[PDB]
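To start, the structure under review is shown below, and the notes come after it.
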Amino acid sequence: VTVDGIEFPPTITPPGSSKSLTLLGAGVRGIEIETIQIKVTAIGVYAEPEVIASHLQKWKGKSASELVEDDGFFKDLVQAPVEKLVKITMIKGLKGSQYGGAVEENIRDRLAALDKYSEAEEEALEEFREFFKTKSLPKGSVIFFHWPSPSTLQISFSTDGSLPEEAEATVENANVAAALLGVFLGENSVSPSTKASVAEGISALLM
């Protein structure tokens, strides 16, 4: 499986973890320059297939096109209490503070909309901001977002693109954790391509 020349492995064990997760789908974050789509990142989404399948039973029989159009499906996915991992490979290089500010803005907008942005969420976003502050994210580098639990976010990163040995940082906050996942799979998604791919992955899995 490859996305814009970036191959996503069928499985990944999250940094520091023992549980092997399976690729559900992958896509890109696209931004436009005067109507032209530019690919900035490739995004791969991983979870435990047997396990996540058992929380999404209600969606069996539905095709990819049907899941894609159903917002409750992605909500289930986001909310499902199983281990998840998102692997992001940079296609255009960015400053960590740029990548980090963009994600933070997305999350904050989501928390605001849900009316779930209080002091705790602010402090968690600070930790998230702190992670990317002095980092550079060149072409080919990789960020790992790992949700061992829906309220626990573990982050790591390698300039190399190689798999970190361990998680570098942990952010403990249910709302921010879930909103970040939503950046990818949610109403607040930056990547319709990833969502369509994950839908196509899960559809096939449920049959």
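Here, each number is a calculation from the coordinates, and none is a lab measurement. All Cβ positions, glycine included, derive from the backbone under ideal geometry; neighbour counts span all protein chains shown.
Here are the numbers:
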read-out	value
Residues within region 81-101 that are farther than 21 Å from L163 by Cβ and surrounded by fewer than 16 Cβ atoms within 10 Å (Cβ to Cβ), tallied	5
Evaluation of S197 against (1) within 20 Å of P81 (Cα to Cα); (2) buried (at least 22 other Cβ atoms within 10 Å of the Cβ) (one fails), failing number	(1)
Residues located in region 119-130, provided they are surrounded by 15 or more Cβ atoms within 10 Å (Cβ to Cβ) and in contact (Cβ under 8 Å) with a residue 40 or more places away in the chain	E121, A124, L125, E127, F128
Region 150-162 - residue that is touching a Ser or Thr at 6+ places or on another chain (Cβ under 8 Å) and at negative phi and, of those, surrounded by the fewest Cβ atoms within 10 Å (Cβ to Cβ)	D160
Condition broken by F145, with the remaining ones in (1) of a type in the set (A, V, I, L, M, F, W, C); (2) free of Cβ contacts under 8 Å to residues at least 24 places away in the same chain; (3) in a strand (DSSP E or B) satisfied	(2)
Counted residues, region 167-187 - those being part of a loop (DSSP other than H, G, I, E, B), buried (at least 19 other Cβ atoms within 10 Å of the Cβ) and out of contact with any strand residue (DSSP E or B) (no Cβ under 8 Å at 6 or more places or on another chain)	1
Test: residue in region 26-39 that is under 15 Å from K84 (Cα atoms), in contact with a strand residue (DSSP E or B) (Cβ under 9 Å, 6 or more places away or on another chain) and not polar (S, T, N, Q)	yes
